[PDB]
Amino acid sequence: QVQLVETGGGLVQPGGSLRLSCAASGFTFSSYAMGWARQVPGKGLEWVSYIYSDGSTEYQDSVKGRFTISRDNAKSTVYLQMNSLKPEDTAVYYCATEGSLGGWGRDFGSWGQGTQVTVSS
């Protein structure tokens, strides 16, 4: 039904940047909020950035200033600009949507397959 495809992951050397994109499907992307999270292998899944339909954003403190979440409703797409990457930031990054429409705050309701980002040496 709802389908979210992430691409853009790959190899970066420390300091480099990376633009992640996620394509949405199966719902009025205009009305739902969007999010980006990441899982470290063996560590709990953690959220990094959130964007509302109103364009209001949240950034989690461990990625503050360096990441930038944005959206293009025209193309049902969300973006995550990762500047100043570190080996702490290597993980599988996931894109997500609200589960339902009511309420106030972060809601990671439906998940993508995920794309791997790896910071090199």
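All residue numbers are counted from 1 along the displayed sequence.
As recorded in the PDB entry, 81-89 is the stretch of 29-37 and 81-89 with the greater mean C-alpha temperature factor. Per the PDB record, of the two stretches 11-19 and 105-113, 11-19 carries the greater mean B-factor over its C-alpha atoms.
In this PDB entry, the Cα temperature factor of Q3 sits in the middle third of its chain's modelled residues. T57: CA B factor in the highest third of modelled residues in this chain (values from the PDB entry). In this PDB entry, the Cα temperature factor of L45 sits in the middle third of its chain's modelled residues.
For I51, the recorded CA temperature factor ranks within the middle third of the chain's modelled residues.
Placement of the Cα temperature factor of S70 within the chain: lowest third of the modelled residues, per the deposited record.
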